[PDB]
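> This is the structure, below, for whatever I ask next.
Protein chains: 2
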Amino acid sequence: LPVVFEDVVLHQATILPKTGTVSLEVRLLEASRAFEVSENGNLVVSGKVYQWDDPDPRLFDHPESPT
Amino acid sequence: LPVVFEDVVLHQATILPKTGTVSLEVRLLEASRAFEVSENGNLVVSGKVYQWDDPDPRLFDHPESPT
Numbered sequence: 910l911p912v913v914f915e916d917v918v919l920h921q922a923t924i925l926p927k928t929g930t931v932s933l934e935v936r937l938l939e940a941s942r943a944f945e946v947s948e949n950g951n952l953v954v955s956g957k958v959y960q961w962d963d964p965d966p967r968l969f970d971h972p973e974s975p976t
Numbered sequence: 910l911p912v913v914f915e916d917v918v919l920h921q922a923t924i925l926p927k928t929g930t931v932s933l934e935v936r937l938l939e940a941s942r943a944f945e946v947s948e949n950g951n952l953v954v955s956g957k958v959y960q961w962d963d964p965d966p967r968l969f970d971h972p973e974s975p976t
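Protein sequence lines correspond, in order, to chains B and A. Going by the entry's author numbering, the residue at position 45 of the first sequence is 954; the numbering climbs one at a time, nothing skipped. Going by the entry's author numbering, the residue at position 41 of the second sequence is 950; the numbering climbs one at a time, nothing skipped.
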């Protein structure tokens, strides 16, 4: 699955406790191509995600360096 | 439930057929206070809905008339 993220915003940082677990929920809106990652009812990450219909290997050719 | 809708968008109009039925699907994103109505995977409405915390009945007082 090639993927294309777009307009990702990290609203807050999650600290991993030395003991225990942190549970993250991920919710998608396929019609709007949008996703929200939440933590205990607080927004953590938001943006758009969708499958890349036509991958082009040219996109990963290294640009000529300015220096 | 006193509600509040913000930034509502109607993307396409759904035609109720003479026979049969149309299925509409509502997906809520509590963290982002957003919703989405979809029909067969096509976005029909988008926006924000959330509970009105403290209704202020003054808001419904009739505004000073234009004439």
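Heads up, the beta-carbon is just placed ideally off N, CA and C, and yes, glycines get one too.
1. Give me the subset of the segment 925-953 of chain B whose CB atoms are less than 7 Å from a CB atom of chain A, sorted by chain position.
2. What did DSSP end up calling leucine 933 of chain B once you bin it into helix, strand or coil?
3. What is the rounded straight-line gap between the Cα of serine 941 of chain B and the Cα of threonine 976 of chain A?
4. Any idea if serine 947 of chain A is buried or exposed, counting beta-carbon neighbours within 10 angstroms, 16 or more meaning buried?
5. Return the chain-ordered list of same chain residues with a C-beta closer than 8 Å to the C-beta of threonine 923 of chain A, the five sequence neighbours on each side being excluded.
6. Go ahead and pull the three-state DSSP assignment for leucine 968 of chain A.
7. Would you decide whether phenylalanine 914 of chain B is buried or exposed? Buried here means 16 or more other CB atoms lie within 10 Å of its CB.
8. Rounded to a whole number of angstroms, what is the C-alpha to C-alpha distance between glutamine 921 of chain B and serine 955 of chain B?
9. In three-state terms, what does DSSP make of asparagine 949 of chain A?
10. May I have the straight-line CA-CA distance separating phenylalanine 944 of chain A from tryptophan 961 of chain A, to the nearest angstrom?
11. Among B/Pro926, B/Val958 and B/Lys927, whose alpha-carbon lies nearest the alpha-carbon of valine 918 of chain B?
12. Using only the alpha-carbon positions, how far apart do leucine 938 of chain B and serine 974 of chain A sit?
13. Within this structure, are the beta carbons of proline 911 of chain A and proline 964 of chain A separated by less than 8 Å?
Here's the rundown:
1. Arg936, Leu938, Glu939, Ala940, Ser941, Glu945, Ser947, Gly950, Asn951 and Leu952
2. coil
3. Approximately 43 Å between the Cα atoms of the pair.
4. buried
5. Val931, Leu933, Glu948 and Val953
6. helix
7. exposed
8. 11 Å
9. coil
10. In a straight line, the C-alpha of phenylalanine 944 of chain A is about 16 Å away from that of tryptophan 961 of chain A.
11. When each option's Cα is compared against that of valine 918 of chain B, the closest is B/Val958.
12. The straight-line gap separating the alpha-carbon atoms of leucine 938 of chain B and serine 974 of chain A is approximately 43 Å.
13. yes
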